[PDB]
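Q: Following this: a sequence and the matching experimental structure.
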Amino acid sequence: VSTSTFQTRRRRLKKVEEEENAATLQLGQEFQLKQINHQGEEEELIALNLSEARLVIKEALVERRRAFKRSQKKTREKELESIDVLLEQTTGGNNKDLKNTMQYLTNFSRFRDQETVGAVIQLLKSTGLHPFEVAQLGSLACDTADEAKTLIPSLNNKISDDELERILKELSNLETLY
Amino acid sequence: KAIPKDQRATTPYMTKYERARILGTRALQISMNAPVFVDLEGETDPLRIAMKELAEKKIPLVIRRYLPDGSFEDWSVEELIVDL
Amino acid sequence: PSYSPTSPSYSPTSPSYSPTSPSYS
Amino acid sequence: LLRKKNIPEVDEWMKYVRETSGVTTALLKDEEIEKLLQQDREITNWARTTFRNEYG
Amino acid sequence: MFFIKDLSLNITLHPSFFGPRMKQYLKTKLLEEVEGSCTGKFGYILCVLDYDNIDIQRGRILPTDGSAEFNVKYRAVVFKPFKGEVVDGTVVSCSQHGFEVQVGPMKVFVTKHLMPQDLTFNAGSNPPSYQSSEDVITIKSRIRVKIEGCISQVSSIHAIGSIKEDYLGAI
Amino acid sequence: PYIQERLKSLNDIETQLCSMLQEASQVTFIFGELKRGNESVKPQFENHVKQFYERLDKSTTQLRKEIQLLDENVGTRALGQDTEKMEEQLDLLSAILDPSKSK
């Protein structure tokens, strides 16, 4: 038995179209902008820049360790060892995917502190740009507004070159000095 | 859609079929080394174990009673009258 | 996103920052 | 309040400190000299560089 | 990229577990089944969020059998790669055919041909590297790749990617 | 045991560290006089100064060395029941001998 979603659509006999997934912002049916949470409320897609993601997972495993000990009653290279220890505590251990993920995240995160990831998240989610771009803008370090618009091609006409270049400056300024 | 307990209208008594199926199911589970919710007073046959569990209403099963429209009323074996 | 809300404390009862000497005409 | 710059009771141990130095009203020529002398102290501090080589 | 997705998994619990540590075993079995998992529909289901509030709901009875079935509604962090996505990663393997790049849970492979012409394979090195006029790409090097396409393969997703286009390659 | 020697070598390295402190403390007060322009003890300043460096370098080698030794010692290779069981007798027997004749 495998996992299901909040997307209920009834594909009766009519198999296909399964139209390709590209950054023409045409992601899956599953990674659509209009999502639905377990409380039925229509809620927007949640995309994470690897740092926003690093923090989320760390937070979740930290809180899990709490309940695991409760139910039992009756510097980056330094973060890697610290995280690899938390994984030994909460995770199934067979889950090697999370181990690599956490290592990659620790080594590639642009913003260390939660405070930092807070401003990143503000500055960006005010552009009206779709969660995918807003994440790739947070996770890909670009200098020219062309570097950005080339790598994130979906952006193309969505933002001024200057407006994007102004953002790229105040993004570089937020980067935690590793 | 699932009928609320306060609005249930099916028999408060267990049907012959329900009882036969509960006894069948428990006996099957008991036989597949499932945990037994009663003191086996020397018992070894899983049906006689099932009978005993139902006799003391220590069977943790629920009957989902479907109505012709598709809706249903859930009834606990603990709550169903066994006049059979 | 530094923390969440911003910590009030606003104060006019503090030590003091103003002196006084040109009172005389 | 919100537009005011001052110093607190603070300015006072700032005086305790200022008066703790060896100076105050003797002017420019003698003062420039003290600067060269403090610089000589920093140069004698380089001596720390020499001794650090020894720690080796 | 890297999403937070609301998901639900049906678990069929045997009667012997109808004790007080039921929710505890359900939340556990959920994590065993879902965490680590890699699907095509959702990608890599990495970490289940908010353990303390996993909604177990009421478990129905599968009539002839004893067991109860619950639809454990949860929320988790997923990684679903796409074609056109530009990703940063570390080289892992390197051969006369190209080089694999580790991007979080998954490996993205770069063909000798999906790189510029100047970058050429050097077998005569420990470990084997790719050499440009200016650059050197080997086992530890960090690279920015453009995903050309993905293949949903069992318990993983693998992809092909280029470093030929502008603003790509070594970092 | 003869390790009590190695134990005392480290407890002395401990006193060496409390000297790193004691010495550099003078370095503190003496550089106090020095930037005060009074070049009075500038040679003495240099002395206790290379001395704080010296004490901690000796401590640094000495405890670093001690750690090397412990690793070397590590590389090198109920007790209640045993002696007690027998020895029972030895004391009571010897004492029963003592009350029977003496002096």
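A: That came through fine. Residues are numbered from 1 along each chain as shown, chains lettered A, B, ... in the order given.
Q: which residues touch residue F:16?
A: Listed by C-beta atoms under 8 Å, 6 or more residues apart in numbering or on different chains, the contact partners of residue F:16 are F:55, F:58, F:59, F:62. Heads up, the C-betas are built off the backbone N, CA and C, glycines and all.
Q: Let me know the closest of those to chain A.
A: Nearest to chain A among these: residue F:59, at 26.0 Å, using C-beta to the nearest C-beta.
Q: and the closest residue to chain D within chain E, helix, strand or coil?
A: Of all residues in chain E, residue E:140 sits closest to chain D, at 32.8 Å by C-beta to the nearest C-beta. At residue E:140 the chain is in coil, as set by DSSP: H, G, I helix; E, B strand; the rest coil.
Q: Neighbours of it, how many?
A: 9 (other C-beta atoms under 10 Å in any protein chain shown).
Q: Isn't it up against residue E:90?
A: Yes. Counting by C-beta atoms under 8 Å, residue E:140 touches residue E:90, with 6.9 Å between them.
Q: still on that earlier bit, list the contacts of the residue of chain E closest to chain D.
A: Here residue E:140 is in contact with E:90, E:91 (C-beta under 8 Å, 6+ apart).
Q: separation between it and residue E:99?
A: According to C-beta to C-beta, to the nearest Å, residue E:140 stands 12 Å off from residue E:99.
Q: joint contacts of the two?
A: Listed as contacting both residue E:140 and residue E:99 by C-beta under 8 Å, 6+ apart are residue E:91.
Q: Which stretches in chain F count as helices?
A: Secondary structure of chain F, counting by DSSP state H: helices at F:4-34, F:42-75, F:81-100.
Q: Measure how far stretch E:154-164 is from the centre of its chain, please.
A: 11 Å (C-alpha atoms, centre = their mean, to the nearest Å).
Q: Mind listing what's buried along stretch F:22-31?
A: F:23, F:24, F:26, F:27, F:30, F:31 (16 or more other C-beta atoms under 10 Å in any protein chain shown).
Q: Can I get it in PDB? Just the C-alpha atoms.
A: Only the C-alpha atoms of stretch F:22-31 are listed here, as PDB (Å, rounded to 0.1, in the frame of the first residue of the first chain):
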ATOM      1  CA  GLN F  22      50.000  33.300  36.800                       C
ATOM      2  CA  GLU F  23      52.700  34.400  34.300                       C
ATOM      3  CA  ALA F  24      50.600  36.100  31.700                       C
ATOM      4  CA  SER F  25      48.900  38.000  34.600                       C
ATOM      5  CA  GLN F  26      52.200  39.900  35.000                       C
ATOM      6  CA  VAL F  27      52.200  40.300  31.200                       C
ATOM      7  CA  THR F  28      48.900  42.100  31.700                       C
ATOM      8  CA  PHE F  29      50.100  44.500  34.500                       C
ATOM      9  CA  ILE F  30      53.600  45.000  33.000                       C
ATOM     10  CA  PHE F  31      52.300  46.000  29.600                       C
END
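Q: Just the residues contacting that stretch, thanks.
A: If you take C-beta under 8 Å, 6+ apart as the criterion, stretch F:22-31 is touched by D:45, F:41, F:44, F:45, F:48, F:49, F:51, F:52, F:55.
Q: Under a three-state scheme, what state does residue B:73 occupy?
A: strand.
Q: Next up, the contacts around it.
A: With contact set as C-beta under 8 Å, 6+ apart, residue B:73 has these partners: B:3, B:8, B:9, B:10, B:65, B:67.
Q: For residue A:31, see how far away the fourth one is.
A: Okay, so that is residue B:10. For residue B:10, the distance to residue A:31 (C-beta to C-beta) stands at 44 Å.
Q: If you count surrounding residues, which of the two has more?
A: The neighbour count for residue B:10 versus residue A:31, taken as other C-beta under 10 Å, is higher for residue A:31 (23 against 15).
Q: Quick check: that one is in a strand.
A: No. Secondary structure assignment (three-state DSSP) places residue A:31 in coil, not in a strand.
Q: looking at it, it is touching residue E:4, isn't it?
A: No. Taking contacts as C-beta under 8 Å, residue A:31 lies outside contact range of residue E:4: 11.3 Å.
Q: neighbours around residue 32, how many?
A: Reading this off chain A. Other residues within reach of residue A:32, judged by other C-beta under 10 Å, total 13.
Q: Sorry, I should have been clearer: chain F.
A: Number of residues near residue F:32 (other C-beta under 10 Å) recorded here: 12.
Q: distance of the residue of chain B found nearest chain D from residue F:103?
A: In chain B, the residue that lies nearest chain D is residue B:4 (59.5 Å; C-beta to the nearest C-beta). The gap separating residue B:4 from residue F:103 is 101 Å, by C-beta to C-beta.
Q: Kindly report the same for residue A:11.
A: Plainly put, residue A:11 is 110 Å away from residue F:103 if you go by C-beta to C-beta.
Q: need the contact list for residue E:25.
A: E:13, E:17.
Q: how much space is there between it and chain A?
A: According to C-beta to the nearest C-beta, to the nearest Å, residue E:25 stands 11 Å off from chain A.
Q: so what are the domain limits for chain E?
A: E:1-84, E:85-171 (CATH domains of a matching chain).
Q: gap between the two ends of the last one?
A: What that stands for is domain E:85-171. Taking C-alpha to C-alpha, to the nearest Å, the first and last residues of domain E:85-171 lie 17 Å apart.
Q: One more: the shortest one?
A: As for domain E:1-84, its first-to-last residue distance stands at 11 Å under the measure C-alpha to C-alpha.
Q: and stretch D:18-25, anywhere near chain F?
A: Yes. Contact of stretch D:18-25 with chain F (C-beta under 8 Å from any C-beta of the partner chain) involves residue D:22.
Q: And the residue most central in space within chain A, its phi and psi?
A: Nearest to the mean C-alpha position of chain A, by C-alpha atoms, centre = their mean, lies residue A:48 at 1.5 Å. The phi and psi values for residue A:48, taken as degrees, to the nearest 10, are phi -110, psi 140.
Q: Not counting sequence-adjacent ones, nearest residue to it?
A: What sits nearest to residue A:48 in space, not counting adjacent residues and going by C-beta to C-beta, 6 or more residues apart in numbering or on different chains, is residue E:2, at 4.2 Å.
Q: Spit out the contact partners of that neighbour.
A: Going by C-beta under 8 Å, 6+ apart, residue E:2 touches A:47, A:48, A:49, A:50, A:53, A:135, E:77, E:78, E:79, E:104.
Q: Give me the subset of these lying in strands.
A: Judged by DSSP state E, the subset of those located in strands is A:47, E:77, E:78, E:79.
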